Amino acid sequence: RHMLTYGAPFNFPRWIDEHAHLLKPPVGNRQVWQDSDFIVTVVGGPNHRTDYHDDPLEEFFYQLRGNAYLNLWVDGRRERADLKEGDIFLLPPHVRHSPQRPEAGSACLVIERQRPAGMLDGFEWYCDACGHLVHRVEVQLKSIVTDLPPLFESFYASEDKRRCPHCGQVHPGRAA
């Protein structure tokens, strides 16, 4: 039996309202419950990003407020999947995805799983000129909010990491 480790139910719209100032730059996402198997986050905007995420497990999306879209690699081709207000979406493992969240006040429920030891997440960048993989970092992810920054920053700070090994074009880095 036992204890309601994660607290009682609570009103989600009110919660999103009250954390609105973190669903903006420079924070943008916010985890609901700590130390749980289900990683439950609300992601706001605006945030554009240049990395593609390779998640070894599924990701559930429910775009509660406003609109966003996912840049994908599907079947070897760049595709866009729109997250219009009201949309839900389940992403299979390892589909590369780059969330674009251009609207302020937007809010997306994203649910993922804690990765077991040895199951790594990948973060990738691709050449705008030729489309080859430019750089990949693999990470044992412990914090969907926190392990990402230093990894993006070390890509941004390194012309070496950003240099396409197929055509030599140096990826632009922080912004597309």
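We call the rigid core the largest set of C-alpha positions that still match within 1.5 Å between the two forms. All residue numbers refer to positions in the sequence shown, first residue = 1.
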Core-aligned CA RMS in 5 other deposited structures of this protein: between 140 to 148 and 117 to 125 the higher one is 140 to 148
Name the stretch, 128 to 136 or 22 to 30, whose C-alpha atoms sit farther from the shown form on average in 5 other deposited structures of this protein, taking the rigid core as the superposition reference. 22 to 30
Stretch with higher mean Cα temperature factor, 67 to 75 vs 80 to 88, is 67 to 75
Please compare 165 to 173 with 4 to 12 and say which has the higher mean C-alpha temperature factor in the record. 165 to 173
Can you tell me which of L148, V110, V139, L57 has the highest Cα temperature factor in the record? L148
Selection by C-alpha B-factor (highest) of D121, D51, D37, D128: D128
Is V27 in the lowest, middle or highest third of its chain when residues are ranked by C-alpha B-factor? highest
Lowest, middle or highest third: where is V42 by Cα B-factor in its chain? lowest
